[PDB]
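Peer 1: Have a look at this one before I ask anything.
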Amino acid sequence: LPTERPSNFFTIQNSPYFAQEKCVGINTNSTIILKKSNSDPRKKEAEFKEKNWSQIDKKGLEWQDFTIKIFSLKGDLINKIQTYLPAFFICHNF
RNA sequence: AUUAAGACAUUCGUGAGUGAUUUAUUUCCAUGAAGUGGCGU
């Protein structure tokens, strides 16, 4: 973990998401750059580059509670949506 | 020399005056920026 990061910046080290593996490494385009630490060999330390953080294709975003608005002039459609909406989100990922 | 001779159906006169090619009509409908890990047993 680089010990200089924005307060909203967090990492999931081992995840099934294996795209964007170049975001941590050697090249200057990487968001987090690993170089061999001084003194002791191995046990490299990481540096956070905010400029590369901005130009990342995908980010893991978690928000507070947010609203979903469904509009329909058909009352029976809305009431059927109300029954199935809690089940729909439980059964699906996005 | 004979109910005869002379006599432009002609003069003046704008097819002109008023008039919105306008009123009504959603470039909209459907659609996952997604899929997958691999090798070092």
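Chain labels follow the order of the structure tokens: the first chain is A, the next B, and so on; residue numbering restarts at 1 in every chain, and ligands are counted from 1 in their shown order.
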Determine, counting only C-alpha atoms (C1' of nucleotides), which protein, DNA and RNA residues have an atom within 12 Å of an atom of stretch 7-16 of chain A; residues of the same chain fewer than 6 positions away are not included. Present the result as a PDB file with N, CA and C atoms (P, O5', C5', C4', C3', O3' and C1' of nucleotides), in the first residue's frame.
Peer 2:
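Saved as around_29.pdb:
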```
ATOM      1  N   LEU A   1       0.834  -1.193   0.000  1.00  0.00           N
ATOM      2  CA  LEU A   1       0.000   0.000   0.000  1.00  0.00           C
ATOM      3  C   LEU A   1       0.874   1.250   0.000  1.00  0.00           C
ATOM      4  N   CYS A  23      -2.123  -1.284 -14.284  1.00  0.00           N
ATOM      5  CA  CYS A  23      -2.294  -0.122 -13.421  1.00  0.00           C
ATOM      6  C   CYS A  23      -1.344  -0.138 -12.232  1.00  0.00           C
ATOM      7  N   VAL A  24      -0.775  -1.294 -11.900  1.00  0.00           N
ATOM      8  CA  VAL A  24       0.229  -1.414 -10.850  1.00  0.00           C
ATOM      9  C   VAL A  24       1.443  -2.104 -11.452  1.00  0.00           C
ATOM     10  N   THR A  31      -1.001   3.602 -12.408  1.00  0.00           N
ATOM     11  CA  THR A  31      -1.506   4.406 -11.300  1.00  0.00           C
ATOM     12  C   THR A  31      -0.609   4.278 -10.077  1.00  0.00           C
ATOM     13  N   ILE A  32      -0.191   3.060  -9.755  1.00  0.00           N
ATOM     14  CA  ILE A  32       0.708   2.790  -8.643  1.00  0.00           C
ATOM     15  C   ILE A  32       1.984   2.184  -9.208  1.00  0.00           C
ATOM     16  N   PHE A  48       1.876   6.573  -5.435  1.00  0.00           N
ATOM     17  CA  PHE A  48       0.574   6.835  -6.034  1.00  0.00           C
ATOM     18  C   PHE A  48       0.676   8.043  -6.958  1.00  0.00           C
ATOM     19  N   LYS A  49       0.299   7.855  -8.218  1.00  0.00           N
ATOM     20  CA  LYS A  49       0.281   8.924  -9.210  1.00  0.00           C
ATOM     21  C   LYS A  49      -1.173   9.273  -9.501  1.00  0.00           C
ATOM     22  N   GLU A  50      -1.584  10.477  -9.097  1.00  0.00           N
ATOM     23  CA  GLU A  50      -2.978  10.874  -9.260  1.00  0.00           C
ATOM     24  C   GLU A  50      -3.320  11.148 -10.717  1.00  0.00           C
ATOM     25  N   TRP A  53      -4.329   8.075 -12.149  1.00  0.00           N
ATOM     26  CA  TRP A  53      -5.606   7.717 -11.541  1.00  0.00           C
ATOM     27  C   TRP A  53      -6.767   8.337 -12.307  1.00  0.00           C
ATOM     28  N   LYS A  59     -13.103   2.336 -12.711  1.00  0.00           N
ATOM     29  CA  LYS A  59     -12.844   2.472 -11.287  1.00  0.00           C
ATOM     30  C   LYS A  59     -13.905   1.717 -10.502  1.00  0.00           C
ATOM     31  N   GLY A  60     -13.517   1.232  -9.327  1.00  0.00           N
ATOM     32  CA  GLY A  60     -14.471   0.640  -8.413  1.00  0.00           C
ATOM     33  C   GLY A  60     -15.131   1.706  -7.564  1.00  0.00           C
ATOM     34  N   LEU A  61     -16.418   1.942  -7.787  1.00  0.00           N
ATOM     35  CA  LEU A  61     -17.136   3.040  -7.153  1.00  0.00           C
ATOM     36  C   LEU A  61     -18.182   2.497  -6.192  1.00  0.00           C
ATOM     37  N   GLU A  62     -18.194   3.035  -4.974  1.00  0.00           N
ATOM     38  CA  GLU A  62     -19.216   2.728  -3.981  1.00  0.00           C
ATOM     39  C   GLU A  62     -19.815   4.036  -3.492  1.00  0.00           C
ATOM     40  N   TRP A  63     -21.132   4.162  -3.600  1.00  0.00           N
ATOM     41  CA  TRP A  63     -21.842   5.372  -3.221  1.00  0.00           C
ATOM     42  C   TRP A  63     -22.736   5.104  -2.019  1.00  0.00           C
TER      43      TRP A  63
ATOM     44  P     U B  36     -16.785 -13.434 -17.716  1.00  0.00           P
ATOM     45  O5'   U B  36     -15.471 -14.278 -18.013  1.00  0.00           O
ATOM     46  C5'   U B  36     -15.497 -15.355 -18.935  1.00  0.00           C
ATOM     47  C4'   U B  36     -14.122 -15.637 -19.479  1.00  0.00           C
ATOM     48  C3'   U B  36     -12.991 -15.590 -18.468  1.00  0.00           C
ATOM     49  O3'   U B  36     -12.888 -16.785 -17.716  1.00  0.00           O
ATOM     50  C1'   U B  36     -12.367 -14.409 -20.425  1.00  0.00           C
ATOM     51  P     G B  37     -13.345 -16.825 -16.176  1.00  0.00           P
ATOM     52  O5'   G B  37     -12.131 -16.163 -15.391  1.00  0.00           O
ATOM     53  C5'   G B  37     -10.925 -16.881 -15.185  1.00  0.00           C
ATOM     54  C4'   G B  37     -10.008 -16.751 -16.373  1.00  0.00           C
ATOM     55  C3'   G B  37      -8.725 -17.563 -16.322  1.00  0.00           C
ATOM     56  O3'   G B  37      -8.928 -18.912 -16.701  1.00  0.00           O
ATOM     57  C1'   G B  37      -8.241 -15.354 -17.011  1.00  0.00           C
TER      58        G B  37
END
```
Peer 1: Run DSSP on the backbone and grab whatever in chain A lands in alpha helix (DSSP H); send it over as JSON, numbers by chain.
Peer 2: {"A": [50, 51, 52, 53, 54, 75, 76, 77, 78, 79, 80, 81, 82, 83, 84, 85, 86, 87, 88, 89, 90, 91]}
Peer 1: Which residues come within 12 Å of residue A:26, counting only C-alpha atoms (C1' of nucleotides), excluding same-chain residues fewer than 2 positions away, as a VMD selection string?
Peer 2: chain A and resid 21 to 24 28 to 36 44 to 47
Peer 1: Check the DSSP output for the backbone and give back, as an MDAnalysis selection string, the residues of chain A in strand (DSSP E).
Peer 2: chainID A and resid 24:25 32:35 45:48
Peer 1: Kindly save the residues from that selection, with C-alpha atoms included, as a PDB file, in the first residue's frame.
Peer 2:
```
ATOM      1  CA  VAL A  24       0.229  -1.414 -10.850  1.00  0.00           C
ATOM      2  CA  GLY A  25       3.771  -1.970 -12.074  1.00  0.00           C
ATOM      3  CA  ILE A  32       0.708   2.790  -8.643  1.00  0.00           C
ATOM      4  CA  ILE A  33       4.413   2.417  -9.452  1.00  0.00           C
ATOM      5  CA  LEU A  34       6.588  -0.184  -7.717  1.00  0.00           C
ATOM      6  CA  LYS A  35      10.339   0.341  -7.404  1.00  0.00           C
ATOM      7  CA  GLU A  45       7.313   0.328  -1.819  1.00  0.00           C
ATOM      8  CA  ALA A  46       4.590   1.894  -3.936  1.00  0.00           C
ATOM      9  CA  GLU A  47       4.000   5.457  -5.127  1.00  0.00           C
ATOM     10  CA  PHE A  48       0.574   6.835  -6.034  1.00  0.00           C
TER      11      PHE A  48
END
```
Peer 1: Using only C-alpha atoms (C1' of nucleotides) and a distance of at most 12 Å, pull out the residues of chain A that contact chain B, as number ranges by chain.
Peer 2: A: 15-19, 21, 57-58, 92-94
Peer 1: Can you tell me how far atom CA of residue A:80 sits from atom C1' of residue B:26, in Å to one decimal?
Peer 2: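 Distance between the two atoms: 28.3 Å.
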